[PDB]
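What follows is model_15.cif (mmCIF, N, CA and C atoms).
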```
data_final
#
loop_
_atom_site.group_PDB
_atom_site.id
_atom_site.type_symbol
_atom_site.label_atom_id
_atom_site.label_comp_id
_atom_site.auth_asym_id
_atom_site.auth_seq_id
_atom_site.Cartn_x
_atom_site.Cartn_y
_atom_site.Cartn_z
ATOM 1 N N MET A 1 -41.787 40.605 -36.056
ATOM 2 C CA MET A 1 -40.746 39.616 -35.799
ATOM 3 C C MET A 1 -39.414 40.030 -36.427
ATOM 4 N N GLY A 2 -39.084 41.315 -36.312
ATOM 5 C CA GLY A 2 -37.872 41.853 -36.901
ATOM 6 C C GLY A 2 -36.596 41.427 -36.204
ATOM 7 N N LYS A 3 -35.545 42.241 -36.321
ATOM 8 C CA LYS A 3 -34.255 41.865 -35.752
ATOM 9 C C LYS A 3 -34.178 42.186 -34.264
ATOM 10 N N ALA A 4 -34.802 43.287 -33.837
ATOM 11 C CA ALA A 4 -34.819 43.618 -32.416
ATOM 12 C C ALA A 4 -35.498 42.522 -31.607
ATOM 13 N N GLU A 5 -36.624 42.005 -32.105
ATOM 14 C CA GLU A 5 -37.276 40.881 -31.444
ATOM 15 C C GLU A 5 -36.383 39.648 -31.458
ATOM 16 N N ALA A 6 -35.624 39.456 -32.540
ATOM 17 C CA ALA A 6 -34.748 38.294 -32.635
ATOM 18 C C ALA A 6 -33.627 38.361 -31.606
ATOM 19 N N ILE A 7 -33.022 39.539 -31.431
ATOM 20 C CA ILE A 7 -31.984 39.698 -30.414
ATOM 21 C C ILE A 7 -32.549 39.404 -29.032
ATOM 22 N N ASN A 8 -33.742 39.928 -28.743
ATOM 23 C CA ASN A 8 -34.374 39.674 -27.453
ATOM 24 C C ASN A 8 -34.668 38.191 -27.260
ATOM 25 N N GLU A 9 -35.205 37.534 -28.291
ATOM 26 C CA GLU A 9 -35.554 36.122 -28.169
ATOM 27 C C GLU A 9 -34.321 35.262 -27.915
ATOM 28 N N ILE A 10 -33.229 35.526 -28.638
ATOM 29 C CA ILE A 10 -32.021 34.721 -28.481
ATOM 30 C C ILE A 10 -31.396 34.948 -27.109
ATOM 31 N N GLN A 11 -31.309 36.207 -26.674
ATOM 32 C CA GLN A 11 -30.707 36.499 -25.376
ATOM 33 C C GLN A 11 -31.493 35.856 -24.242
ATOM 34 N N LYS A 12 -32.824 35.851 -24.343
ATOM 35 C CA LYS A 12 -33.638 35.229 -23.304
ATOM 36 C C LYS A 12 -33.454 33.717 -23.289
ATOM 37 N N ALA A 13 -33.390 33.096 -24.468
ATOM 38 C CA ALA A 13 -33.233 31.647 -24.524
ATOM 39 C C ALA A 13 -31.832 31.225 -24.099
ATOM 40 N N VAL A 14 -30.818 32.017 -24.458
ATOM 41 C CA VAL A 14 -29.449 31.703 -24.061
ATOM 42 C C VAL A 14 -29.297 31.791 -22.547
ATOM 43 N N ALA A 15 -29.956 32.769 -21.921
ATOM 44 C CA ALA A 15 -29.852 32.928 -20.476
ATOM 45 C C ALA A 15 -30.669 31.891 -19.716
ATOM 46 N N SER A 16 -31.724 31.352 -20.326
ATOM 47 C CA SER A 16 -32.625 30.432 -19.646
ATOM 48 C C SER A 16 -32.378 28.971 -20.000
ATOM 49 N N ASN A 17 -31.393 28.678 -20.845
ATOM 50 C CA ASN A 17 -31.047 27.309 -21.204
ATOM 51 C C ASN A 17 -29.592 27.047 -20.852
ATOM 52 N N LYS A 18 -29.341 25.922 -20.177
ATOM 53 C CA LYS A 18 -27.967 25.535 -19.875
ATOM 54 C C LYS A 18 -27.163 25.335 -21.152
ATOM 55 N N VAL A 19 -27.748 24.659 -22.139
ATOM 56 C CA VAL A 19 -27.119 24.443 -23.438
ATOM 57 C C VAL A 19 -28.164 24.687 -24.516
ATOM 58 N N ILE A 20 -27.837 25.548 -25.474
ATOM 59 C CA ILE A 20 -28.718 25.836 -26.599
ATOM 60 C C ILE A 20 -27.860 26.007 -27.845
ATOM 61 N N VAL A 21 -28.321 25.436 -28.956
ATOM 62 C CA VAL A 21 -27.607 25.474 -30.226
ATOM 63 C C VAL A 21 -28.565 25.976 -31.295
ATOM 64 N N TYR A 22 -28.246 27.120 -31.889
ATOM 65 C CA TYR A 22 -28.965 27.573 -33.069
ATOM 66 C C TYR A 22 -28.374 26.888 -34.292
ATOM 67 N N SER A 23 -29.241 26.305 -35.116
ATOM 68 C CA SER A 23 -28.803 25.347 -36.115
ATOM 69 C C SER A 23 -29.737 25.402 -37.316
ATOM 70 N N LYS A 24 -29.386 24.628 -38.341
ATOM 71 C CA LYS A 24 -30.276 24.314 -39.445
ATOM 72 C C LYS A 24 -30.226 22.812 -39.678
ATOM 73 N N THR A 25 -31.323 22.267 -40.209
ATOM 74 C CA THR A 25 -31.404 20.824 -40.420
ATOM 75 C C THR A 25 -30.300 20.343 -41.352
ATOM 76 N N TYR A 26 -30.175 20.972 -42.520
ATOM 77 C CA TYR A 26 -29.149 20.614 -43.499
ATOM 78 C C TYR A 26 -27.926 21.479 -43.230
ATOM 79 N N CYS A 27 -27.016 20.958 -42.411
ATOM 80 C CA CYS A 27 -25.876 21.732 -41.940
ATOM 81 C C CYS A 27 -24.829 20.801 -41.340
ATOM 82 N N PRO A 28 -23.806 20.414 -42.109
ATOM 83 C CA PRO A 28 -22.819 19.454 -41.585
ATOM 84 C C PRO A 28 -22.034 19.971 -40.393
ATOM 85 N N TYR A 29 -21.785 21.280 -40.311
ATOM 86 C CA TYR A 29 -21.100 21.812 -39.139
ATOM 87 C C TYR A 29 -22.009 21.828 -37.915
ATOM 88 N N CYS A 30 -23.320 21.997 -38.111
ATOM 89 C CA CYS A 30 -24.243 21.866 -36.988
ATOM 90 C C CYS A 30 -24.240 20.442 -36.450
ATOM 91 N N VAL A 31 -24.216 19.454 -37.349
ATOM 92 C CA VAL A 31 -24.110 18.058 -36.934
ATOM 93 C C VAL A 31 -22.833 17.836 -36.137
ATOM 94 N N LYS A 32 -21.750 18.507 -36.533
ATOM 95 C CA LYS A 32 -20.493 18.385 -35.806
ATOM 96 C C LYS A 32 -20.650 18.841 -34.361
ATOM 97 N N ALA A 33 -21.333 19.968 -34.149
ATOM 98 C CA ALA A 33 -21.573 20.446 -32.792
ATOM 99 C C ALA A 33 -22.548 19.541 -32.052
ATOM 100 N N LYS A 34 -23.606 19.091 -32.732
ATOM 101 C CA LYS A 34 -24.572 18.202 -32.096
ATOM 102 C C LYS A 34 -23.919 16.898 -31.660
ATOM 103 N N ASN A 35 -23.097 16.305 -32.530
ATOM 104 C CA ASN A 35 -22.430 15.053 -32.188
ATOM 105 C C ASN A 35 -21.455 15.241 -31.033
ATOM 106 N N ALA A 36 -20.787 16.396 -30.975
ATOM 107 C CA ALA A 36 -19.882 16.670 -29.865
ATOM 108 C C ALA A 36 -20.639 16.744 -28.544
ATOM 109 N N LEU A 37 -21.807 17.390 -28.543
ATOM 110 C CA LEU A 37 -22.612 17.449 -27.328
ATOM 111 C C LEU A 37 -23.244 16.101 -27.007
ATOM 112 N N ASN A 38 -23.618 15.329 -28.032
ATOM 113 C CA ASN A 38 -24.233 14.027 -27.799
ATOM 114 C C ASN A 38 -23.290 13.056 -27.102
ATOM 115 N N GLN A 39 -21.979 13.309 -27.142
ATOM 116 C CA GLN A 39 -21.043 12.470 -26.403
ATOM 117 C C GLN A 39 -21.269 12.548 -24.900
ATOM 118 N N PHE A 40 -21.864 13.633 -24.415
ATOM 119 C CA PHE A 40 -22.006 13.866 -22.984
ATOM 120 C C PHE A 40 -23.444 14.064 -22.536
ATOM 121 N N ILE A 41 -24.266 14.764 -23.321
ATOM 122 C CA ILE A 41 -25.621 15.107 -22.900
ATOM 123 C C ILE A 41 -26.614 14.857 -24.028
ATOM 124 N N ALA A 42 -26.513 13.695 -24.673
ATOM 125 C CA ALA A 42 -27.419 13.361 -25.766
ATOM 126 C C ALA A 42 -28.871 13.447 -25.310
ATOM 127 N N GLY A 43 -29.682 14.171 -26.079
ATOM 128 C CA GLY A 43 -31.088 14.330 -25.762
ATOM 129 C C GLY A 43 -31.390 15.230 -24.586
ATOM 130 N N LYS A 44 -30.443 16.071 -24.173
ATOM 131 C CA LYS A 44 -30.600 16.924 -22.999
ATOM 132 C C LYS A 44 -30.193 18.360 -23.297
ATOM 133 N N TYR A 45 -30.572 18.888 -24.458
ATOM 134 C CA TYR A 45 -30.272 20.283 -24.752
ATOM 135 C C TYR A 45 -31.160 20.765 -25.888
ATOM 136 N N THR A 46 -31.361 22.079 -25.925
ATOM 137 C CA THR A 46 -32.250 22.706 -26.891
ATOM 138 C C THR A 46 -31.531 22.956 -28.210
ATOM 139 N N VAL A 47 -32.205 22.624 -29.307
ATOM 140 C CA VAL A 47 -31.767 22.977 -30.652
ATOM 141 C C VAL A 47 -32.883 23.785 -31.300
ATOM 142 N N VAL A 48 -32.554 24.988 -31.757
ATOM 143 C CA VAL A 48 -33.488 25.835 -32.490
ATOM 144 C C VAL A 48 -33.079 25.798 -33.955
ATOM 145 N N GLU A 49 -33.843 25.074 -34.768
ATOM 146 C CA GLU A 49 -33.588 25.020 -36.201
ATOM 147 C C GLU A 49 -34.191 26.243 -36.879
ATOM 148 N N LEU A 50 -33.467 26.792 -37.856
ATOM 149 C CA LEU A 50 -33.805 28.095 -38.410
ATOM 150 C C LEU A 50 -34.306 28.067 -39.847
ATOM 151 N N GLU A 51 -34.130 26.961 -40.578
ATOM 152 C CA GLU A 51 -34.425 26.980 -42.009
ATOM 153 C C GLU A 51 -35.904 27.200 -42.305
ATOM 154 N N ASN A 52 -36.793 26.877 -41.370
ATOM 155 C CA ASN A 52 -38.223 27.068 -41.564
ATOM 156 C C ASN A 52 -38.769 28.275 -40.812
ATOM 157 N N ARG A 53 -37.912 29.025 -40.123
ATOM 158 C CA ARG A 53 -38.332 30.251 -39.460
ATOM 159 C C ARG A 53 -38.510 31.357 -40.492
ATOM 160 N N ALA A 54 -39.690 31.982 -40.499
ATOM 161 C CA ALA A 54 -39.926 33.099 -41.407
ATOM 162 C C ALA A 54 -39.049 34.299 -41.077
ATOM 163 N N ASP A 55 -38.474 34.337 -39.880
ATOM 164 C CA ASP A 55 -37.591 35.419 -39.467
ATOM 165 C C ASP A 55 -36.149 34.926 -39.393
ATOM 166 N N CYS A 56 -35.819 33.952 -40.236
ATOM 167 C CA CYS A 56 -34.535 33.264 -40.156
ATOM 168 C C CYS A 56 -33.371 34.225 -40.397
ATOM 169 N N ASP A 57 -33.562 35.165 -41.319
ATOM 170 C CA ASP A 57 -32.537 36.160 -41.621
ATOM 171 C C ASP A 57 -32.296 37.074 -40.425
ATOM 172 N N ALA A 58 -33.384 37.502 -39.780
ATOM 173 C CA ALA A 58 -33.252 38.333 -38.589
ATOM 174 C C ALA A 58 -32.621 37.563 -37.436
ATOM 175 N N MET A 59 -32.898 36.261 -37.336
ATOM 176 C CA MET A 59 -32.290 35.458 -36.279
ATOM 177 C C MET A 59 -30.787 35.319 -36.488
ATOM 178 N N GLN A 60 -30.354 35.142 -37.739
ATOM 179 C CA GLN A 60 -28.923 35.085 -38.013
ATOM 180 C C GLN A 60 -28.283 36.464 -37.912
ATOM 181 N N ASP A 61 -29.010 37.518 -38.297
ATOM 182 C CA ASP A 61 -28.539 38.873 -38.029
ATOM 183 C C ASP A 61 -28.351 39.094 -36.535
ATOM 184 N N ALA A 62 -29.288 38.594 -35.725
ATOM 185 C CA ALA A 62 -29.158 38.703 -34.276
ATOM 186 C C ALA A 62 -27.958 37.913 -33.770
ATOM 187 N N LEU A 63 -27.743 36.710 -34.312
ATOM 188 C CA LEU A 63 -26.575 35.922 -33.930
ATOM 189 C C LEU A 63 -25.277 36.642 -34.271
ATOM 190 N N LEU A 64 -25.272 37.432 -35.346
ATOM 191 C CA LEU A 64 -24.084 38.206 -35.693
ATOM 192 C C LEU A 64 -23.789 39.260 -34.632
ATOM 193 N N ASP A 65 -24.812 40.011 -34.216
ATOM 194 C CA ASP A 65 -24.610 41.036 -33.198
ATOM 195 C C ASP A 65 -24.216 40.434 -31.854
ATOM 196 N N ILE A 66 -24.701 39.232 -31.546
ATOM 197 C CA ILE A 66 -24.459 38.644 -30.233
ATOM 198 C C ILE A 66 -23.118 37.917 -30.190
ATOM 199 N N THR A 67 -22.763 37.201 -31.258
ATOM 200 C CA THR A 67 -21.598 36.326 -31.241
ATOM 201 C C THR A 67 -20.457 36.785 -32.136
ATOM 202 N N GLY A 68 -20.692 37.734 -33.041
ATOM 203 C CA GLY A 68 -19.693 38.131 -34.008
ATOM 204 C C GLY A 68 -19.786 37.425 -35.344
ATOM 205 N N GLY A 69 -20.582 36.361 -35.442
ATOM 206 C CA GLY A 69 -20.792 35.683 -36.703
ATOM 207 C C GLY A 69 -22.244 35.271 -36.839
ATOM 208 N N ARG A 70 -22.677 35.120 -38.090
ATOM 209 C CA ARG A 70 -24.077 34.842 -38.384
ATOM 210 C C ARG A 70 -24.326 33.429 -38.894
ATOM 211 N N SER A 71 -23.282 32.634 -39.108
ATOM 212 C CA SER A 71 -23.462 31.283 -39.616
ATOM 213 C C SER A 71 -23.870 30.330 -38.500
ATOM 214 N N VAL A 72 -24.679 29.338 -38.860
ATOM 215 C CA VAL A 72 -25.010 28.243 -37.953
ATOM 216 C C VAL A 72 -23.914 27.192 -38.083
ATOM 217 N N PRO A 73 -23.602 26.431 -37.022
ATOM 218 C CA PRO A 73 -24.246 26.498 -35.708
ATOM 219 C C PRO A 73 -23.692 27.596 -34.804
ATOM 220 N N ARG A 74 -24.468 27.949 -33.782
ATOM 221 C CA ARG A 74 -24.040 28.859 -32.725
ATOM 222 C C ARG A 74 -24.371 28.190 -31.399
ATOM 223 N N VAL A 75 -23.341 27.819 -30.643
ATOM 224 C CA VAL A 75 -23.489 26.997 -29.446
ATOM 225 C C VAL A 75 -23.255 27.868 -28.221
ATOM 226 N N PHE A 76 -24.211 27.849 -27.295
ATOM 227 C CA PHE A 76 -24.123 28.588 -26.045
ATOM 228 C C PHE A 76 -24.180 27.617 -24.875
ATOM 229 N N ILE A 77 -23.337 27.855 -23.874
ATOM 230 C CA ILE A 77 -23.327 27.064 -22.649
ATOM 231 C C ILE A 77 -23.296 28.026 -21.472
ATOM 232 N N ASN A 78 -24.263 27.887 -20.563
ATOM 233 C CA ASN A 78 -24.304 28.665 -19.324
ATOM 234 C C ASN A 78 -24.389 30.164 -19.609
ATOM 235 N N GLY A 79 -25.114 30.525 -20.667
ATOM 236 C CA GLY A 79 -25.243 31.908 -21.073
ATOM 237 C C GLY A 79 -24.058 32.474 -21.825
ATOM 238 N N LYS A 80 -23.023 31.675 -22.074
ATOM 239 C CA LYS A 80 -21.801 32.137 -22.717
ATOM 240 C C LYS A 80 -21.648 31.460 -24.071
ATOM 241 N N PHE A 81 -21.373 32.261 -25.097
ATOM 242 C CA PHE A 81 -21.159 31.733 -26.437
ATOM 243 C C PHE A 81 -19.882 30.904 -26.478
ATOM 244 N N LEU A 82 -19.984 29.692 -27.023
ATOM 245 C CA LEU A 82 -18.847 28.787 -27.143
ATOM 246 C C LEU A 82 -18.155 28.897 -28.495
ATOM 247 N N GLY A 83 -18.910 28.782 -29.577
ATOM 248 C CA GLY A 83 -18.361 28.812 -30.915
ATOM 249 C C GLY A 83 -19.263 28.053 -31.869
ATOM 250 N N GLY A 84 -18.679 27.648 -32.992
ATOM 251 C CA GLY A 84 -19.372 26.893 -34.010
ATOM 252 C C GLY A 84 -19.124 25.403 -33.892
ATOM 253 N N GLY A 85 -19.293 24.707 -35.019
ATOM 254 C CA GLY A 85 -19.136 23.261 -35.012
ATOM 255 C C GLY A 85 -17.711 22.829 -34.723
ATOM 256 N N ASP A 86 -16.743 23.434 -35.416
ATOM 257 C CA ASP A 86 -15.344 23.109 -35.157
ATOM 258 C C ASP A 86 -14.953 23.461 -33.727
ATOM 259 N N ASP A 87 -15.412 24.615 -33.232
ATOM 260 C CA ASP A 87 -15.101 25.011 -31.861
ATOM 261 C C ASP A 87 -15.655 24.009 -30.857
ATOM 262 N N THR A 88 -16.860 23.493 -31.112
ATOM 263 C CA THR A 88 -17.483 22.558 -30.181
ATOM 264 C C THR A 88 -16.809 21.191 -30.230
ATOM 265 N N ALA A 89 -16.516 20.691 -31.434
ATOM 266 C CA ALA A 89 -15.827 19.409 -31.543
ATOM 267 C C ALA A 89 -14.413 19.486 -30.983
ATOM 268 N N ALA A 90 -13.756 20.639 -31.123
ATOM 269 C CA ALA A 90 -12.439 20.806 -30.521
ATOM 270 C C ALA A 90 -12.531 20.800 -29.002
ATOM 271 N N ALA A 91 -13.576 21.423 -28.451
ATOM 272 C CA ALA A 91 -13.772 21.395 -27.007
ATOM 273 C C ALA A 91 -14.073 19.985 -26.513
ATOM 274 N N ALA A 92 -14.792 19.192 -27.309
ATOM 275 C CA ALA A 92 -15.062 17.809 -26.930
ATOM 276 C C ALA A 92 -13.787 16.976 -26.939
ATOM 277 N N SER A 93 -12.888 17.238 -27.893
ATOM 278 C CA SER A 93 -11.682 16.427 -28.017
ATOM 279 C C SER A 93 -10.649 16.766 -26.948
ATOM 280 N N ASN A 94 -10.587 18.023 -26.511
ATOM 281 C CA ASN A 94 -9.547 18.443 -25.580
ATOM 282 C C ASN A 94 -9.977 18.371 -24.119
ATOM 283 N N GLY A 95 -11.239 18.042 -23.844
ATOM 284 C CA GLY A 95 -11.714 17.855 -22.490
ATOM 285 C C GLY A 95 -12.420 19.041 -21.867
ATOM 286 N N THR A 96 -12.470 20.189 -22.549
ATOM 287 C CA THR A 96 -13.096 21.366 -21.956
ATOM 288 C C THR A 96 -14.611 21.336 -22.079
ATOM 289 N N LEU A 97 -15.140 20.736 -23.151
ATOM 290 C CA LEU A 97 -16.588 20.661 -23.307
ATOM 291 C C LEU A 97 -17.227 19.931 -22.134
ATOM 292 N N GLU A 98 -16.630 18.814 -21.713
ATOM 293 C CA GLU A 98 -17.139 18.097 -20.549
ATOM 294 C C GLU A 98 -17.127 18.982 -19.309
ATOM 295 N N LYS A 99 -16.041 19.734 -19.103
ATOM 296 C CA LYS A 99 -15.945 20.580 -17.918
ATOM 297 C C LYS A 99 -16.919 21.751 -17.988
ATOM 298 N N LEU A 100 -17.078 22.352 -19.171
ATOM 299 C CA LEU A 100 -18.035 23.445 -19.319
ATOM 300 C C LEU A 100 -19.454 22.974 -19.028
ATOM 301 N N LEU A 101 -19.788 21.749 -19.441
ATOM 302 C CA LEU A 101 -21.106 21.200 -19.144
ATOM 303 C C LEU A 101 -21.276 20.952 -17.651
ATOM 304 N N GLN A 102 -20.232 20.444 -16.992
ATOM 305 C CA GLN A 102 -20.306 20.203 -15.555
ATOM 306 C C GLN A 102 -20.479 21.506 -14.786
ATOM 307 N N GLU A 103 -19.739 22.547 -15.173
ATOM 308 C CA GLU A 103 -19.863 23.836 -14.504
ATOM 309 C C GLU A 103 -21.200 24.508 -14.786
ATOM 310 N N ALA A 104 -21.854 24.161 -15.892
ATOM 311 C CA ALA A 104 -23.169 24.700 -16.206
ATOM 312 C C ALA A 104 -24.296 23.939 -15.522
ATOM 313 N N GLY A 105 -23.983 22.882 -14.775
ATOM 314 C CA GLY A 105 -24.996 22.058 -14.151
ATOM 315 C C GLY A 105 -25.694 21.092 -15.080
ATOM 316 N N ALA A 106 -25.267 21.006 -16.338
ATOM 317 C CA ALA A 106 -25.896 20.134 -17.319
ATOM 318 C C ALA A 106 -25.329 18.721 -17.320
ATOM 319 N N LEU A 107 -24.278 18.460 -16.549
ATOM 320 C CA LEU A 107 -23.630 17.154 -16.570
ATOM 321 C C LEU A 107 -23.050 16.806 -15.206
#
```

Final structure tokens representation of the file:
Amino acid sequence: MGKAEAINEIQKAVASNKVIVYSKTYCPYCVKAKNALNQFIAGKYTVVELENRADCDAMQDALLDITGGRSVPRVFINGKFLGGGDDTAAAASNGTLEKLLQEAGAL
């Protein structure tokens, strides 16, 4: 369950989920992204929590190679990386998050 497997697992889940957020339970910025998505698609998207994953370091290492950063949250829509918690809440406030969800078929 090294880093190569982590990159493969994340890429497959990002491509097969309209909306997916890699997160941790105790994470105020993850809550920021979750609350932004809950404004439009509450209870209709995947959250992968990492704090109890034995390969959590490799998963965040994989998130670094895929997105440029390794911190949670990491929000993907329609196979495309959106950003973190601030990026997601900013998209919710300016109207683009709603449109990105509509174009992804999730809304």

Query - Output check: residues returned by the PyMOL selection byres ((chain A and resi 24) around 7), as a list in words - result: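 With the PyMOL selection byres ((chain A and resi 24) around 7) on this model, the match is residues 22, 23, 25, 26, 27, 30, 48, 49, 50, 51, 72 and 73 of chain A.
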
Residues of the last selection are to be written out with N, CA and C atoms, as a compact mmCIF listing (two decimals), in the coordinates of the input.
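What landed in again.txt:
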```txt
# COMPACT_ATOMS: atom_id res chain seq x y z
N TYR A 22 -28.25 27.12 -31.89
CA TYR A 22 -28.96 27.57 -33.07
C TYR A 22 -28.37 26.89 -34.29
N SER A 23 -29.24 26.30 -35.12
CA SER A 23 -28.80 25.35 -36.12
C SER A 23 -29.74 25.40 -37.32
N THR A 25 -31.32 22.27 -40.21
CA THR A 25 -31.40 20.82 -40.42
C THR A 25 -30.30 20.34 -41.35
N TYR A 26 -30.18 20.97 -42.52
CA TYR A 26 -29.15 20.61 -43.50
C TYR A 26 -27.93 21.48 -43.23
N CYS A 27 -27.02 20.96 -42.41
CA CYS A 27 -25.88 21.73 -41.94
C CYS A 27 -24.83 20.80 -41.34
N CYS A 30 -23.32 22.00 -38.11
CA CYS A 30 -24.24 21.87 -36.99
C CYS A 30 -24.24 20.44 -36.45
N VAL A 48 -32.55 24.99 -31.76
CA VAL A 48 -33.49 25.84 -32.49
C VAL A 48 -33.08 25.80 -33.96
N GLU A 49 -33.84 25.07 -34.77
CA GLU A 49 -33.59 25.02 -36.20
C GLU A 49 -34.19 26.24 -36.88
N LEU A 50 -33.47 26.79 -37.86
CA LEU A 50 -33.80 28.10 -38.41
C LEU A 50 -34.31 28.07 -39.85
N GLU A 51 -34.13 26.96 -40.58
CA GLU A 51 -34.42 26.98 -42.01
C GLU A 51 -35.90 27.20 -42.30
N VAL A 72 -24.68 29.34 -38.86
CA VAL A 72 -25.01 28.24 -37.95
C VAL A 72 -23.91 27.19 -38.08
N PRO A 73 -23.60 26.43 -37.02
CA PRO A 73 -24.25 26.50 -35.71
C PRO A 73 -23.69 27.60 -34.80
```

Report task. Tell me, in Å to one decimal, how far atom N of residue 92 (chain A) is from atom C of residue 40 (chain A). Result -> 11.1 Å

Report task. Expand the PyMOL selection byres ((chain A and resi 62-67) around 8) into the individual residues it matches in the shown file, reporting them as a PyMOL selection string. Result -> chain A and resi 2-8+10+56-61+68-71+74+81

Report task. Identify, with DSSP run on backbone atoms, the residues in region 7-79 of chain A assigned to strand (DSSP E or B), and express the list as a list in words. Result ->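 For region 7-79 of chain A, the strand (DSSP E or B) set is residues 19, 20, 21, 22, 23, 46, 47, 48, 49, 74, 75, 76 and 77 of chain A.
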
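Going from CA of residue 89 (chain A) over to CA of residue 41 (chain A), you cover 13.8 Å.
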
**Report entry** Explicit residues for the PyMOL selection byres ((chain A and resi 78) around 7) (as a list in words)
**Finding:**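 Checking the PyMOL selection byres ((chain A and resi 78) around 7) against this file, the residues are residues 14, 15, 17, 18, 19, 20, 76, 77, 79, 80, 81, 103 and 104 of chain A.
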
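We find atom C of residue 85 (chain A) and CA of residue 29 (chain A) to be spaced 5.7 Å apart.
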